[PDB]
Each structure stands twice: as C-alpha cells, then as structure tokens.
Amino acid sequence: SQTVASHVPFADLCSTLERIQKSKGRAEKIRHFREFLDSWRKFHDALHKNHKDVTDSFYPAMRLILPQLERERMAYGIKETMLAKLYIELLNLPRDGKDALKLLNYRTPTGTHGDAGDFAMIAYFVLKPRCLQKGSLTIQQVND
DNA sequence: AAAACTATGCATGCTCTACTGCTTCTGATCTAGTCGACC
C-alpha cells in the first residue's frame with residue numbers, strides 16, 4: 001500500500017505555496033500550481049504502473065492547500081493564543097521576555113518590526129534563529 | 001574478733017516511643033478567558 005504522499009517532502013509544498021503567494025497575477029500562481037499537479041500526477045503514474053486498484057489520490061496535499069474544506073479532521077481546539085502559549089512553553093522562552101509578549105499581543109504594533117497583524121510572520125521571525133535550515137518531514141507524517 | 005564474698009539500692013549513660021510545631025504536597029472551588037459554529 002504505497003502512497004505518493006510518503007515520497008513528497010513537505011518543504012516542496014511549502015516552497016510552492018510561498019511562490020504562489022509571492023506572485024503578481026493569477027497566471028504565475030496557476031502555472032506553479034499546474035506544474036506541481038503535473039509532477040504529482042506523473043509520479044503517481046510512475047509509481048502505480050503495476051497495481052490495479054488504487055485509493056491514492058491528491059487528497060493529502062489538497063487537504064492542506066485548502067484547510068477550510070477539511071471535514072474528516074475534527075476541530076484542533078487551538079487558535080492564535082493557544083498556539084502562542086504552547087510555543088512559549090515548548091521553546092522554554094521566558095514568560096516575561098520580549099518574544100513571549102510579542103507572540104501574545106501580536107496585534108499590538110508596539111514592536112515596529114515585521115507585521116503587527118500577521119501571527120505567522122512573527123512566529124517565523126521568532127523561530128528563524130531557533131530552527132534548522134532543512135526539514136525531514138513528509139506530507140504523510142504531517143497529516144498523521 | 002578480723003577478713004573475704006555476696007546482695008541490694010542508687011547513679012549514670014544509652015536507646016526507644018508519644019506529642020507539639022513548622023514546612024510542603026494535594027485536592028476542591030471559584031473566576032477569567034479561549035475555542036466552535038452558526039446567524
């Protein structure tokens with residue numbers, strides 16, 4: 001029961017999403033998405049040459065590209081505030097430190113750096129010096 | 001009549017077992033806030 005999702009690094013999907021976001025018009029975004037889809041379909045055809053009945057599809061990447069349409073998964077129960085709290089606890093950052101305060105009151109523009117309304121940007125800035133440069137996770141592992 | 005052996009009461013030290021006070025862990029309650037989904 002081989003699945004293409006187990007052979008696709010998550011970094012590739014992240015890079016594709018970043019390229020789509022950092023695009024001017026619809027044409028470039030559609031081109032990038034179509035290139036990714038064609039690569040996935042070619043890999044699917046190559047992998048499943050012999051097997052007859054296959055349940056493998058593009059769902060593993062689709063459920064991440066469009067999280068709002070996910071129905072199989074239940075509510076995560078965590079939003080910006082809970083995620084910031086968990087990041088503070090796990091990273092062992094000081095409670096009263098600058099990073100923790102920035103993460104908690106992310107809407108306050110007191111920082112004057114990055115973005116004062118996008119929590120993901122601040123999380124990325126905080127984690128830049130505390131995280132490696134290359135990942136080792138696949139789409140299937142992230143879904144699990 | 002004098003000397004040697006033995007008995008018993010009290011002093012001394014040590015060790016072991018209740019009782020009171022201080023410190024720390026656990027449980028129960030309340031109050032404040034967060035997340036889900038809809039309209």
# chains A, B, ... in the order shown; residues from 1 in each chain; ligands from 1

call {"tool": "closest_atom_pairs", "arguments": {"of": "chain A", "to": "chain B", "cutoff": "12 Å", "atoms": "only C-alpha atoms (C1' of nucleotides)", "output": "CSV"}}
result
residue,atom,partner,partner_atom,distance
A:74,CA,B:36,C1',10.4
A:75,CA,B:36,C1',7.6
A:76,CA,B:35,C1',9.1
A:77,CA,B:35,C1',5.9
A:78,CA,B:35,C1',6.9
A:79,CA,B:35,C1',7.2
A:80,CA,B:34,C1',10.0
A:81,CA,B:34,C1',8.0
A:82,CA,B:34,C1',7.8
A:83,CA,B:34,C1',11.4
A:85,CA,B:34,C1',11.7

call {"tool": "write_last_selection", "arguments": {"atoms": "N, CA and C atoms", "output": "PDB file, in the first residue's frame"}}
result
ATOM      1  N   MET A  74     -11.378  16.701  13.027  1.00  0.00           N
ATOM      2  CA  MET A  74     -12.183  17.471  13.959  1.00  0.00           C
ATOM      3  C   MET A  74     -11.466  18.776  14.300  1.00  0.00           C
ATOM      4  N   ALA A  75     -12.126  19.611  15.099  1.00  0.00           N
ATOM      5  CA  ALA A  75     -11.543  20.890  15.482  1.00  0.00           C
ATOM      6  C   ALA A  75     -10.234  20.672  16.230  1.00  0.00           C
ATOM      7  N   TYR A  76      -9.204  21.428  15.842  1.00  0.00           N
ATOM      8  CA  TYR A  76      -7.916  21.313  16.514  1.00  0.00           C
ATOM      9  C   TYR A  76      -7.993  21.791  17.958  1.00  0.00           C
ATOM     10  N   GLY A  77      -8.883  22.736  18.247  1.00  0.00           N
ATOM     11  CA  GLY A  77      -9.004  23.274  19.585  1.00  0.00           C
ATOM     12  C   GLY A  77      -7.959  24.299  19.954  1.00  0.00           C
ATOM     13  N   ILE A  78      -7.122  24.716  19.007  1.00  0.00           N
ATOM     14  CA  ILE A  78      -6.061  25.685  19.256  1.00  0.00           C
ATOM     15  C   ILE A  78      -6.163  26.792  18.218  1.00  0.00           C
ATOM     16  N   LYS A  79      -6.054  28.033  18.675  1.00  0.00           N
ATOM     17  CA  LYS A  79      -6.050  29.218  17.828  1.00  0.00           C
ATOM     18  C   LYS A  79      -4.784  30.016  18.137  1.00  0.00           C
ATOM     19  N   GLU A  80      -4.732  31.258  17.655  1.00  0.00           N
ATOM     20  CA  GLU A  80      -3.515  32.057  17.787  1.00  0.00           C
ATOM     21  C   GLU A  80      -3.009  32.081  19.227  1.00  0.00           C
ATOM     22  N   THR A  81      -3.899  32.350  20.185  1.00  0.00           N
ATOM     23  CA  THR A  81      -3.468  32.499  21.573  1.00  0.00           C
ATOM     24  C   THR A  81      -2.921  31.189  22.133  1.00  0.00           C
ATOM     25  N   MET A  82      -3.655  30.091  21.943  1.00  0.00           N
ATOM     26  CA  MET A  82      -3.203  28.805  22.465  1.00  0.00           C
ATOM     27  C   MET A  82      -1.912  28.363  21.789  1.00  0.00           C
ATOM     28  N   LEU A  83      -1.789  28.614  20.485  1.00  0.00           N
ATOM     29  CA  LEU A  83      -0.563  28.269  19.776  1.00  0.00           C
ATOM     30  C   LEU A  83       0.618  29.065  20.312  1.00  0.00           C
ATOM     31  N   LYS A  85       0.881  30.279  23.355  1.00  0.00           N
ATOM     32  CA  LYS A  85       1.182  29.738  24.677  1.00  0.00           C
ATOM     33  C   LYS A  85       1.977  28.442  24.574  1.00  0.00           C
TER      34      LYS A  85
END

call {"tool": "residues_around", "arguments": {"residues": "segment 5-16 of chain A", "least_positions_apart": "3", "cutoff": "8 Å", "atoms": "only C-alpha atoms (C1' of nucleotides)", "output": "PyMOL selection string"}}
result
chain A and resi 2+19-20+32-33+36+60-61+135-142

call {"tool": "closest_residue", "arguments": {"among": "A:126, A:47, A:86, A:54", "to": "residue 98 of chain A", "atoms": "only C-alpha atoms"}}
result
A:126

call {"tool": "select_by_dssp", "arguments": {"residues": "segment 8-125 of chain A", "states": "alpha helix (DSSP H)", "output": "PyMOL selection string"}}
result
chain A and resi 10-21+26-47+59-65+80-91+98-104+119-125

call {"tool": "closest_residue", "arguments": {"among": "A:4, A:103, A:116, A:90", "to": "residue 46 of chain A", "atoms": "only C-alpha atoms"}}
result
A:4

call {"tool": "atom_distance", "arguments": {"atom1": "atom CA of residue 93 of chain A", "atom2": "atom CA of residue 134 of chain A"}}
result
22.5 Å

call {"tool": "residues_around", "arguments": {"residues": "residue 124 of chain A", "least_positions_apart": "6", "cutoff": "12 Å", "atoms": "only C-alpha atoms (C1' of nucleotides)", "output": "compact mmCIF listing (two decimals) with N, CA, C and O atoms, in the first residue's frame"}}
result
# COMPACT_ATOMS: atom_id res chain seq x y z
N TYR A 87 3.85 27.41 22.08
CA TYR A 87 5.19 27.71 21.58
C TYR A 87 6.06 28.27 22.69
O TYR A 87 7.26 27.96 22.77
N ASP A 99 10.02 38.10 23.32
CA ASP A 99 9.41 37.21 22.33
C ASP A 99 8.03 36.75 22.77
O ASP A 99 7.09 36.73 21.97
N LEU A 103 4.52 37.55 20.88
CA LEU A 103 3.64 36.49 20.40
C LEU A 103 2.23 36.63 20.97
O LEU A 103 1.24 36.43 20.25
N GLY A 114 8.59 43.84 11.35
CA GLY A 114 7.78 42.82 10.70
C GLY A 114 6.37 43.32 10.47
O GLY A 114 6.16 44.42 9.94
N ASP A 115 5.39 42.51 10.86
CA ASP A 115 3.98 42.82 10.70
C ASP A 115 3.28 42.73 12.04
O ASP A 115 3.54 41.82 12.83
N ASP A 118 -0.12 39.90 11.36
CA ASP A 118 0.06 38.53 10.87
C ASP A 118 0.85 37.73 11.89
O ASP A 118 2.06 37.95 12.05
N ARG A 130 16.09 29.77 15.93
CA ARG A 130 15.93 28.60 16.78
C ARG A 130 15.59 27.33 16.00
O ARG A 130 15.35 26.29 16.62
N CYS A 131 15.58 27.39 14.67
CA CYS A 131 15.18 26.25 13.85
C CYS A 131 16.25 25.95 12.81
O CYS A 131 17.02 26.84 12.41

call {"tool": "atom_distance", "arguments": {"atom1": "atom CA of residue 52 of chain A", "atom2": "atom CA of residue 37 of chain A"}}
result
21.8 Å

call {"tool": "residues_around", "arguments": {"residues": "residue 45 of chain A", "least_positions_apart": "3", "cutoff": "12 Å", "atoms": "only C-alpha atoms (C1' of nucleotides)", "output": "PyMOL selection string"}}
result
chain A and resi 3-4+38-42+48-52+54+56-57

call {"tool": "write_last_selection", "arguments": {"atoms": "N, CA, C and O atoms", "output": "PDB file, in the first residue's frame"}}
result
ATOM      1  N   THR A   3       2.015   5.019  -1.007  1.00  0.00           N
ATOM      2  CA  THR A   3       1.342   6.289  -1.232  1.00  0.00           C
ATOM      3  C   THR A   3       2.362   7.336  -1.654  1.00  0.00           C
ATOM      4  O   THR A   3       3.467   7.397  -1.105  1.00  0.00           O
ATOM      5  N   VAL A   4       1.984   8.159  -2.634  1.00  0.00           N
ATOM      6  CA  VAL A   4       2.883   9.204  -3.111  1.00  0.00           C
ATOM      7  C   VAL A   4       3.142  10.235  -2.021  1.00  0.00           C
ATOM      8  O   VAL A   4       4.207  10.864  -1.993  1.00  0.00           O
ATOM      9  N   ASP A  38       1.054  18.489 -12.187  1.00  0.00           N
ATOM     10  CA  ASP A  38       1.565  17.609 -13.231  1.00  0.00           C
ATOM     11  C   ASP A  38       2.685  16.726 -12.702  1.00  0.00           C
ATOM     12  O   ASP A  38       2.755  15.538 -13.033  1.00  0.00           O
ATOM     13  N   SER A  39       3.580  17.289 -11.886  1.00  0.00           N
ATOM     14  CA  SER A  39       4.629  16.468 -11.290  1.00  0.00           C
ATOM     15  C   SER A  39       4.033  15.380 -10.407  1.00  0.00           C
ATOM     16  O   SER A  39       4.451  14.215 -10.472  1.00  0.00           O
ATOM     17  N   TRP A  40       3.043  15.736  -9.585  1.00  0.00           N
ATOM     18  CA  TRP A  40       2.406  14.744  -8.725  1.00  0.00           C
ATOM     19  C   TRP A  40       1.741  13.650  -9.550  1.00  0.00           C
ATOM     20  O   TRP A  40       1.850  12.463  -9.222  1.00  0.00           O
ATOM     21  N   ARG A  41       1.043  14.027 -10.622  1.00  0.00           N
ATOM     22  CA  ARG A  41       0.347  13.035 -11.436  1.00  0.00           C
ATOM     23  C   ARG A  41       1.330  12.134 -12.173  1.00  0.00           C
ATOM     24  O   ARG A  41       1.099  10.925 -12.297  1.00  0.00           O
ATOM     25  N   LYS A  42       2.430  12.699 -12.675  1.00  0.00           N
ATOM     26  CA  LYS A  42       3.445  11.878 -13.325  1.00  0.00           C
ATOM     27  C   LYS A  42       4.056  10.891 -12.340  1.00  0.00           C
ATOM     28  O   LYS A  42       4.265   9.718 -12.671  1.00  0.00           O
ATOM     29  N   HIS A  48       2.383   3.703  -9.673  1.00  0.00           N
ATOM     30  CA  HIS A  48       1.264   2.762  -9.701  1.00  0.00           C
ATOM     31  C   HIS A  48       1.105   2.094 -11.059  1.00  0.00           C
ATOM     32  O   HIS A  48      -0.016   1.838 -11.510  1.00  0.00           O
ATOM     33  N   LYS A  49       2.215   1.803 -11.737  1.00  0.00           N
ATOM     34  CA  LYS A  49       2.136   1.126 -13.027  1.00  0.00           C
ATOM     35  C   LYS A  49       1.543  -0.271 -12.884  1.00  0.00           C
ATOM     36  O   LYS A  49       0.740  -0.701 -13.720  1.00  0.00           O
ATOM     37  N   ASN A  50       1.926  -0.995 -11.831  1.00  0.00           N
ATOM     38  CA  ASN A  50       1.544  -2.397 -11.690  1.00  0.00           C
ATOM     39  C   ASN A  50       0.245  -2.589 -10.914  1.00  0.00           C
ATOM     40  O   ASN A  50      -0.568  -3.445 -11.282  1.00  0.00           O
ATOM     41  N   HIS A  51       0.025  -1.822  -9.848  1.00  0.00           N
ATOM     42  CA  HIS A  51      -1.161  -2.037  -9.026  1.00  0.00           C
ATOM     43  C   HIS A  51      -2.420  -1.679  -9.806  1.00  0.00           C
ATOM     44  O   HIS A  51      -2.435  -0.737 -10.604  1.00  0.00           O
ATOM     45  N   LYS A  52      -3.487  -2.444  -9.568  1.00  0.00           N
ATOM     46  CA  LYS A  52      -4.735  -2.286 -10.307  1.00  0.00           C
ATOM     47  C   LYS A  52      -5.696  -1.343  -9.586  1.00  0.00           C
ATOM     48  O   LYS A  52      -6.101  -0.317 -10.142  1.00  0.00           O
ATOM     49  N   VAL A  54      -6.308   1.339  -6.777  1.00  0.00           N
ATOM     50  CA  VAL A  54      -5.540   2.318  -6.018  1.00  0.00           C
ATOM     51  C   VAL A  54      -6.504   3.312  -5.387  1.00  0.00           C
ATOM     52  O   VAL A  54      -7.367   3.869  -6.074  1.00  0.00           O
ATOM     53  N   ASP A  56      -5.019   5.837  -3.685  1.00  0.00           N
ATOM     54  CA  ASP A  56      -4.181   7.023  -3.598  1.00  0.00           C
ATOM     55  C   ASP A  56      -4.711   8.113  -4.522  1.00  0.00           C
ATOM     56  O   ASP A  56      -5.093   7.850  -5.665  1.00  0.00           O
ATOM     57  N   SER A  57      -4.734   9.342  -4.015  1.00  0.00           N
ATOM     58  CA  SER A  57      -5.202  10.491  -4.777  1.00  0.00           C
ATOM     59  C   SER A  57      -4.379  11.704  -4.353  1.00  0.00           C
ATOM     60  O   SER A  57      -3.366  11.581  -3.657  1.00  0.00           O
TER      61      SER A  57
END

call {"tool": "decode", "arguments": {"residues": "segment 4-35 of chain B", "atoms": "N, CA, C and O atoms (P, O5', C5', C4', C3', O3' and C1' of nucleotides)", "output": "compact mmCIF listing (two decimals), in the first residue's frame"}}
result
# COMPACT_ATOMS: atom_id res chain seq x y z
P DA B 4 41.01 -9.91 103.10
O5' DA B 4 39.86 -10.85 102.51
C5' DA B 4 39.98 -12.27 102.61
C4' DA B 4 38.77 -12.96 102.01
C3' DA B 4 38.33 -12.42 100.65
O3' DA B 4 37.89 -13.47 99.81
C1' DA B 4 36.59 -12.07 102.24
P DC B 5 37.43 -13.17 98.29
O5' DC B 5 35.86 -13.45 98.30
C5' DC B 5 35.37 -14.70 98.77
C4' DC B 5 33.85 -14.71 98.81
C3' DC B 5 33.17 -14.18 97.55
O3' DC B 5 32.09 -15.03 97.16
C1' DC B 5 32.48 -12.89 99.43
P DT B 6 31.27 -14.73 95.82
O5' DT B 6 29.92 -14.05 96.35
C5' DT B 6 29.16 -14.68 97.37
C4' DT B 6 27.96 -13.84 97.76
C3' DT B 6 27.18 -13.25 96.59
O3' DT B 6 25.78 -13.38 96.81
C1' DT B 6 27.89 -11.51 98.04
P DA B 7 24.72 -12.89 95.70
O5' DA B 7 23.84 -11.82 96.48
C5' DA B 7 23.36 -12.12 97.79
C4' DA B 7 22.49 -10.99 98.32
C3' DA B 7 21.57 -10.36 97.29
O3' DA B 7 20.34 -9.95 97.88
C1' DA B 7 23.25 -8.79 97.97
P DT B 8 19.14 -9.43 96.97
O5' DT B 8 19.17 -7.84 97.17
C5' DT B 8 19.14 -7.30 98.49
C4' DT B 8 19.28 -5.79 98.45
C3' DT B 8 18.49 -5.10 97.35
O3' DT B 8 18.01 -3.84 97.80
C1' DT B 8 20.76 -4.62 97.06
P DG B 9 16.58 -3.28 97.31
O5' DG B 9 16.79 -1.69 97.29
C5' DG B 9 17.37 -1.04 98.41
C4' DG B 9 18.26 0.11 97.97
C3' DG B 9 17.66 1.00 96.88
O3' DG B 9 17.64 2.36 97.30
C1' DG B 9 19.84 0.23 96.23
P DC B 10 16.86 3.47 96.43
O5' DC B 10 18.04 4.25 95.68
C5' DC B 10 19.15 4.72 96.42
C4' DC B 10 20.28 5.12 95.50
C3' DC B 10 19.87 6.05 94.34
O3' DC B 10 20.71 7.20 94.30
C1' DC B 10 21.09 4.19 93.52
P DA B 11 20.30 8.46 93.39
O5' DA B 11 21.50 8.59 92.34
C5' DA B 11 22.84 8.72 92.81
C4' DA B 11 23.83 8.41 91.70
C3' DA B 11 23.61 9.18 90.40
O3' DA B 11 24.77 9.92 90.05
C1' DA B 11 23.79 6.83 89.97
P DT B 12 24.71 11.04 88.90
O5' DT B 12 24.99 10.21 87.56
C5' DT B 12 26.22 9.53 87.39
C4' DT B 12 26.21 8.68 86.13
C3' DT B 12 25.66 9.39 84.89
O3' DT B 12 26.73 9.85 84.06
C1' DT B 12 24.94 7.08 85.06
P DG B 13 26.43 10.81 82.81
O5' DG B 13 26.18 9.79 81.60
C5' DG B 13 27.22 8.90 81.19
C4' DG B 13 26.66 7.76 80.37
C3' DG B 13 25.97 8.19 79.07
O3' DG B 13 26.80 7.93 77.94
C1' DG B 13 24.70 6.50 80.27
P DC B 14 26.40 8.50 76.49
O5' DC B 14 25.33 7.43 75.94
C5' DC B 14 25.74 6.10 75.65
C4' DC B 14 24.54 5.20 75.40
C3' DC B 14 23.65 5.62 74.24
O3' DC B 14 23.89 4.79 73.10
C1' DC B 14 22.36 4.97 76.19
P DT B 15 23.20 5.13 71.69
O5' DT B 15 21.74 4.50 71.81
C5' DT B 15 21.59 3.11 72.11
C4' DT B 15 20.13 2.75 72.29
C3' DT B 15 19.21 3.19 71.14
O3' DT B 15 18.47 2.08 70.64
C1' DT B 15 18.33 3.90 73.24
P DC B 16 17.56 2.25 69.32
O5' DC B 16 16.08 2.40 69.90
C5' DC B 16 15.48 1.34 70.62
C4' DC B 16 14.13 1.75 71.20
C3' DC B 16 13.14 2.32 70.18
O3' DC B 16 11.88 1.66 70.27
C1' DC B 16 13.39 3.81 72.01
P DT B 17 10.73 1.95 69.19
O5' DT B 17 9.68 2.87 69.97
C5' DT B 17 8.96 2.34 71.08
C4' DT B 17 8.10 3.40 71.73
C3' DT B 17 7.08 4.07 70.80
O3' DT B 17 5.78 4.08 71.41
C1' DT B 17 8.41 5.73 71.86
P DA B 18 4.54 4.78 70.67
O5' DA B 18 4.31 6.12 71.51
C5' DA B 18 3.18 6.94 71.24
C4' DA B 18 2.97 7.94 72.36
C3' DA B 18 2.19 9.19 71.97
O3' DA B 18 1.38 9.66 73.04
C1' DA B 18 4.48 9.75 72.45
P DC B 19 0.11 10.60 72.74
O5' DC B 19 0.75 12.05 72.52
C5' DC B 19 1.17 12.82 73.64
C4' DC B 19 1.83 14.12 73.20
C3' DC B 19 1.02 14.94 72.18
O3' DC B 19 0.77 16.25 72.67
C1' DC B 19 3.29 14.70 71.49
P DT B 20 -0.18 17.25 71.85
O5' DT B 20 0.82 18.38 71.32
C5' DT B 20 1.52 19.21 72.24
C4' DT B 20 2.51 20.11 71.53
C3' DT B 20 1.89 21.04 70.48
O3' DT B 20 2.35 22.38 70.65
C1' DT B 20 3.65 19.75 69.51
P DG B 21 1.67 23.58 69.83
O5' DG B 21 2.72 23.89 68.65
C5' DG B 21 3.99 24.45 68.96
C4' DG B 21 4.92 24.39 67.76
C3' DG B 21 4.41 25.13 66.52
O3' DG B 21 5.35 26.11 66.09
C1' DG B 21 5.11 22.92 65.96
P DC B 22 4.97 27.13 64.90
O5' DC B 22 5.79 26.59 63.64
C5' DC B 22 7.21 26.65 63.63
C4' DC B 22 7.78 25.97 62.40
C3' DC B 22 7.31 26.56 61.06
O3' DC B 22 8.42 26.82 60.20
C1' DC B 22 6.89 24.21 61.12
P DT B 23 8.21 27.61 58.82
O5' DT B 23 8.16 26.46 57.72
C5' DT B 23 9.31 25.64 57.49
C4' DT B 23 9.00 24.53 56.50
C3' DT B 23 8.43 25.01 55.16
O3' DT B 23 9.21 24.52 54.08
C1' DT B 23 7.07 23.28 56.09
P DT B 24 8.90 24.98 52.57
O5' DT B 24 8.09 23.74 51.96
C5' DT B 24 8.68 22.44 51.96
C4' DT B 24 7.70 21.40 51.47
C3' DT B 24 7.03 21.73 50.13
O3' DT B 24 7.06 20.60 49.26
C1' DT B 24 5.38 21.28 51.77
P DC B 25 6.58 20.74 47.73
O5' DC B 25 5.38 19.70 47.61
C5' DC B 25 5.60 18.31 47.87
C4' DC B 25 4.29 17.56 48.01
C3' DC B 25 3.37 17.64 46.79
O3' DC B 25 2.82 16.36 46.48
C1' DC B 25 2.23 18.45 48.72
P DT B 26 2.17 16.05 45.08
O5' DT B 26 0.59 16.09 45.32
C5' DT B 26 -0.01 15.15 46.20
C4' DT B 26 -1.43 15.57 46.55
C3' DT B 26 -2.33 15.88 45.36
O3' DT B 26 -3.32 14.86 45.22
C1' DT B 26 -2.55 17.52 47.11
P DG B 27 -4.44 14.97 44.08
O5' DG B 27 -5.64 15.73 44.81
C5' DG B 27 -6.09 15.29 46.08
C4' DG B 27 -7.29 16.09 46.55
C3' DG B 27 -8.33 16.39 45.47
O3' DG B 27 -9.64 16.25 45.99
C1' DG B 27 -7.48 18.43 46.34
P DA B 28 -10.91 16.35 45.01
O5' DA B 28 -11.56 17.77 45.37
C5' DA B 28 -11.93 18.07 46.71
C4' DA B 28 -12.46 19.48 46.83
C3' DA B 28 -13.46 19.88 45.75
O3' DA B 28 -14.56 20.59 46.31
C1' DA B 28 -11.61 21.38 45.73
P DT B 29 -15.82 20.97 45.40
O5' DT B 29 -15.64 22.54 45.14
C5' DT B 29 -15.67 23.45 46.23
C4' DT B 29 -15.26 24.84 45.79
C3' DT B 29 -16.00 25.37 44.57
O3' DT B 29 -17.01 26.29 44.96
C1' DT B 29 -13.62 25.84 44.49
P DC B 30 -17.91 27.02 43.84
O5' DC B 30 -17.05 28.30 43.44
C5' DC B 30 -16.54 29.17 44.45
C4' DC B 30 -15.60 30.20 43.85
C3' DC B 30 -16.17 30.97 42.67
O3' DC B 30 -16.06 32.38 42.89
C1' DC B 30 -14.06 30.00 42.09
P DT B 31 -16.92 33.40 42.00
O5' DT B 31 -15.86 33.97 40.95
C5' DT B 31 -14.66 34.58 41.41
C4' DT B 31 -13.65 34.73 40.29
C3' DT B 31 -14.19 35.41 39.03
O3' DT B 31 -13.36 36.51 38.67
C1' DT B 31 -13.12 33.36 38.47
P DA B 32 -13.78 37.49 37.48
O5' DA B 32 -12.87 37.01 36.25
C5' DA B 32 -11.46 36.96 36.40
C4' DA B 32 -10.81 36.39 35.16
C3' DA B 32 -11.32 36.99 33.85
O3' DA B 32 -10.24 37.52 33.10
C1' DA B 32 -11.43 34.59 33.79
P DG B 33 -10.51 38.25 31.70
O5' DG B 33 -10.17 37.13 30.61
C5' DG B 33 -8.94 36.42 30.70
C4' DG B 33 -8.98 35.16 29.86
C3' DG B 33 -9.38 35.37 28.40
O3' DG B 33 -8.30 35.03 27.54
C1' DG B 33 -10.51 33.50 29.37
P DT B 34 -8.45 35.18 25.95
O5' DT B 34 -8.74 33.69 25.45
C5' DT B 34 -7.98 32.61 25.98
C4' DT B 34 -8.29 31.32 25.25
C3' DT B 34 -8.57 31.48 23.76
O3' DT B 34 -8.03 30.40 23.03
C1' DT B 34 -10.47 30.57 24.81
P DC B 35 -8.01 30.43 21.43
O5' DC B 35 -9.13 29.36 21.02
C5' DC B 35 -8.96 28.00 21.38
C4' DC B 35 -10.18 27.17 21.00
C3' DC B 35 -10.65 27.33 19.56
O3' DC B 35 -11.02 26.07 19.04
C1' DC B 35 -12.42 27.88 21.01
